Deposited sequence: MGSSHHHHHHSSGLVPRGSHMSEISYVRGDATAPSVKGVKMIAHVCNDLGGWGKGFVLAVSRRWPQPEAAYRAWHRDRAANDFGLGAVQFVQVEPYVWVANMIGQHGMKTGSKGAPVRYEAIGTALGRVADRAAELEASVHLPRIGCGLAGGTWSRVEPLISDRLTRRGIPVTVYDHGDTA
């Protein structure tokens, strides 16, 4: 059962392996919103993402791909390529990425921690059902965080 909490998703307070999953764009932009909250806590995810994008001519970077970045002994950030362009979230891309998060979280026995991007609007009304279908359906604990 998805938990809804007000908090900073970069600091989950639960036991066991934690995975913080969030939506990135496919253009290499890391400059507004939750990506800044991540860089306020750890430098690794941003460095990883920029390198991943820079080297896309030799690697898996693209819509629906996910990069897992270890930031603490039992904490990982999952940079999901889910958004096409910048100021537009792609349903197939987010679905695929969340499934990949689910695969990795299942093997790590991790819980998953996501910032909220409500169910009455275009974005979250696509995303939350894919959380249910790709994560909850597999028995993976999920917590969704509200913060500015």
Deposited sequence positions missing from the model - stretches, numbered from 1, in order: 1-22, 110-115, 146-147, 179-181
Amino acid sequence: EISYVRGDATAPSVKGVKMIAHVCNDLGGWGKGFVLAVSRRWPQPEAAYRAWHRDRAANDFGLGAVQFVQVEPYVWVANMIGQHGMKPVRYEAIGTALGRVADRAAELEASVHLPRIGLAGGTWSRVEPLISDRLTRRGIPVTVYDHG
From here on, numbers count along this sequence of modelled residues.
Stretch exceeding the other in mean C-alpha B-factor - 28-36, 56-64: 56-64
Average Cα temperature factor in the PDB entry - higher stretch of 78-86, 98-106: 78-86
Residue of maximum C-alpha B factor among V112, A51, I117, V69, per deposited coordinates: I117
CA B-factor ranking of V14, expressed as a third of its chain: highest
Assigned third (lowest, middle, highest) for the C-alpha B factor of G121: highest
Third of the chain, ranked by Cα B-factor, where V127 sits: highest
